[PDB]
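Here the structure is laid out as structure tokens; the discussion comes afterwards.
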């Protein structure tokens, strides 16, 4: 609907007079912000602007998943609400706000002006540790979505930040790390476009590796007569094995275990045996 | 055997389904046996862990929910074929290794 | 002299571009395989190298 | 616990420019061309067009 002018800047630590360049989830300048009480998807953080009492963040909002209610009668409670409170944790006692969820912490930044530009000072870093994919308001107001972008802020009060991905002039300003540019011609780095989608292509394999059968064999070789097997044409899914086989040791050399679910190997050899503790 | 999983970068049932630590962890981890307190001869089943989840937890995230799980995204109604309970008890015994 | 300076510039650029093939004592000289094989925290050392 | 059997299995991987045999439980995605898009081809993760 509308256009956000140069609004939606929040502090991403103390610093002063640094002209610091930071890549984070920011609201692009001159972006589309919707105007509105339905369920509003949260995505990667939101910039809310505006009688409004508070907010309700959550995933299902149906008592099957923890949701957090912020309200003013200031009360913040995270519990399994029906849309009454059981099995739950955190409890506490022109408008603009920015909501982000990083490392289980809900960052809430606030600001108010008598109506431009204004940096939103941090208010809360709540240790909630819940998955937020939807939210609602509790009672005309504008909602915008943050995207990953690189900004160049001035600074310990932020002043006149610039977005590097909107104009050639802004790109030049960001690549020179200065807000005042003299007459001339300068080369610039690519701040214009960054990838958004992903293109995963894996081979046409559907069989599952027989880890369960191998690890459940009734007999194993002596260490001096260790065998070898070639594993091929199967999908290495260790998750199916979490139901058993506690795996008192899972040291991985070269590759990282977390990556083993997104790697393809040309040849896998399994050598099995029995030893002392 | 699951204490090894409480560290940044590890993967396993605890690391990715129950408790996840940030890659930029700044702190400490303490662990001590309580076989004389948290275990019993008949078995102390009051301790549970989540062994199924569609996606891995983000760092420092909690997953309090007991909805019946189905690998195929079906409408499960009770524990049975293709309807698993995501929570499983540890079953701590005094004499176990 | 003129051909010499032209050749010098060409050889300097060629050496600079060919310097990427060296892994500089890290796991590999390519960022893609380092990032697809080693997790972030461990990959920091290779990226720094 | 020291004098108790401990079944050990050692997995050795080869990441060569050869057809893949063992792959992770990821789902392939459609092909997007002429766009600066992240891609993951059989473990080769990169950014390109």
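Residue numbers (the numbering used here), protein chains in the order written: chain G, 413 to 689; chain E, 1046 to 1142; chain F, 80 to 128; chain H, 35 to 83.
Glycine included, C-beta positions come from ideal geometry on N, C-alpha and C.
**Asked** Is residue 1068 of chain E near residue 124 of chain F, with beta carbons less than 8 angstroms apart?
**Response** To locate residue 1068 of chain E, count along the second chain from 1; it is residue 23. To locate residue 124 of chain F, count along the third chain from 1; it is residue 45. Contact: no.
**Asked** Taking all protein chains shown into account, do 16 or more other C-beta atoms lie within 10 angstroms of the C-beta of residue 585 of chain G, making it buried, or fewer, making it exposed?
**Response** Here the question's residue 585 of chain G lines up with position 173 in the first chain. Buried is the call here.
**Item:** With 16 other Cβ atoms within 10 Å as the buried cut-off, status of residue 94 of chain F
**Value:** Looking up residue 94 of chain F in the third chain gives position 15. Taking all protein chains shown into account, residue 94 of chain F has fewer than 16 neighbouring C-beta atoms within 10 Å of its C-beta and is therefore exposed.
**Request:** Please report the Cβ distance between residue 680 of chain G and residue 45 of chain H, rounded to the nearest whole angstrom; I am assuming they are in contact, meaning their Cβ atoms lie under 8 angstroms.
**Result:** Position 268 of the first chain, counted from the start, is the residue given in the question as residue 680 of chain G. Position 11 of the fourth chain, counted from the start, is the residue given in the question as residue 45 of chain H. Sure, about 6 angstroms apart at Cβ, within 8 angstroms.
**Prompt:** Where do the ends of the alpha helix (DSSP H) carrying residue 113 of chain F lie?
**Reply:** Numbered from 1 along the third chain, position 34 holds the residue referred to as residue 113 of chain F. First-last of the alpha helix (DSSP H) with residue 113 of chain F: 110-116.
**Request:** Would you list, in chain order, the members of the segment 640-671 of chain G that have their beta-carbon closer than 9 angstroms to a beta-carbon of chain F?
**Result:** 666, 667, 668, 669, 670, 671
**Message:** Can you check whether the C-beta of residue 55 of chain H is within less than 8 angstroms of a C-beta belonging to chain F?
**Reply:** On the fourth chain, residue 55 of chain H is found 21 positions in, with the first residue counted as 1. Cβ-Cβ to chain F under 8 angstroms: no for residue 55 of chain H.
**Asked** According to the neighbour-count rule (16 or more other Cβ atoms, all chains shown, within 10 Å of its Cβ), is residue 677 of chain G buried or exposed?
**Response** The residue you call residue 677 of chain G lines up with position 265 of the first chain. Buried, since its Cβ has 16 or more Cβ neighbours within 10 Å.
**Prompt:** Ordered along the chain, which non-local residues of its own chain (more than five positions away) have a Cβ less than 6 angstroms from that of residue 683 of chain G?
**Reply:** If you number the first chain from 1, residue 683 of chain G lands on position 271. For residue 683 of chain G, where only same-chain residues beyond five positions count, the Cβ hits under 6 angstroms are 638, 640.
**Asked** What are the partner residues of residue 640 of chain G, as DSSP defines its beta bridges?
**Response** Residue numbering aside, residue 640 of chain G sits at position 228 when the first chain is read from its first letter. Per DSSP, G:683.
**Prompt:** Relative to the C-alpha of residue 441 of chain G, which residue among G:461, G:510, G:416, G:433 is closest?
**Reply:** Counting from 1 along the first chain, the entry for residue 441 of chain G is found at position 29. The option with the nearest alpha carbon to residue 441 of chain G is G:416.
**Message:** Taking 6 angstroms as the limit between beta carbons, can you name the residues of its chain near residue 518 of chain G, skipping five residues before and five after?
**Reply:** Translated into the one-based positions of the first chain, residue 518 of chain G becomes position 106. Excluding positions up to five away in sequence, the list reads 538, 540.
**Asked** Name the chain E residues whose beta carbon is nearer than 7 angstroms to that of residue 35 of chain F?
**Response** Beyond the ends of chain F as shown, which are 80 and 128, falls residue 35 of chain F; an answer cannot be given.
**Item:** Beta-carbon proximity list for residue 526 of chain G, same chain, < 6 angstroms, skipping 5 on both sides
**Value:** Here residue 526 of chain G refers to the residue found at position 114 of the first chain. If we look at residue 526 of chain G and ignore the five residues flanking it on each side, it has no Cβ neighbours.
**Any beta strand (DSSP E) of 3 or more consecutive residues that is wholly inside the segment 492-579 of chain G** = 507-514, 517-524, 531-539, 546-550, 554-557, 559-564
**Request:** Please determine if the segment 579-594 of chain G and the segment 45-61 of chain H are in contact, where contact requires at least 3 C-beta pairs separated by less than 8 angstroms.
**Result:** no
**Three-state secondary structure assigned by DSSP to residue 94 of chain F** = The residue you call residue 94 of chain F lines up with position 15 of the third chain. It is helical.
**Item:** Contact with chain H by residue 689 of chain G, beta-carbon distance below 8 angstroms
**Value:** Position 277 of the first chain, counted from the first residue, corresponds to residue 689 of chain G. Yes, residue 689 of chain G counts as interfacial toward chain H.
**Prompt:** Checking contacts by CB at 8 angstroms: is residue 620 of chain G closer than that to chain F?
**Reply:** Taking the first residue of the first chain as 1, we reach residue 620 of chain G at position 208. Closer than 8 angstroms: no.
**Item:** Proximity of residue 1063 of chain E and residue 1094 of chain E at Cβ, strictly below 8 angstroms
**Value:** Against the second chain, residue 1063 of chain E aligns to sequence position 18. Against the second chain, residue 1094 of chain E aligns to sequence position 49. Yes, the Cβ-Cβ distance between residue 1063 of chain E and residue 1094 of chain E is below 8 angstroms.
**Request:** Kindly indicate the opening and closing residues of the beta strand (DSSP E) around residue 624 of chain G.
**Result:** Translated into positions along the first chain, residue 624 of chain G becomes position 212. That residue, residue 624 of chain G, is in no beta strand (DSSP E); its alpha helix (DSSP H) goes 623-627.
**Cβ neighbours of residue 1133 of chain E in the same chain (closer than 7 angstroms, five flanking residues each side left out)** = In the second chain, the residue the question calls residue 1133 of chain E occupies position 88. Excluding positions up to five away in sequence, the list reads 1093, 1094, 1096.
**Request:** Return the bridge partner residues of residue 1114 of chain E from the DSSP annotation.
**Result:** Numbered from 1 along the second chain, position 69 holds the residue referred to as residue 1114 of chain E. According to DSSP, residue 1114 of chain E bridges with E:1129.
**Message:** Taking the beta carbon of residue 467 of chain G as the centre, do at least 16 other beta carbons fall within 10 Å, making it buried, or is it exposed?
**Reply:** Against the first chain, residue 467 of chain G aligns to sequence position 55. Classification of residue 467 of chain G: buried, given that the 10 Å Cβ count is 16 or more.
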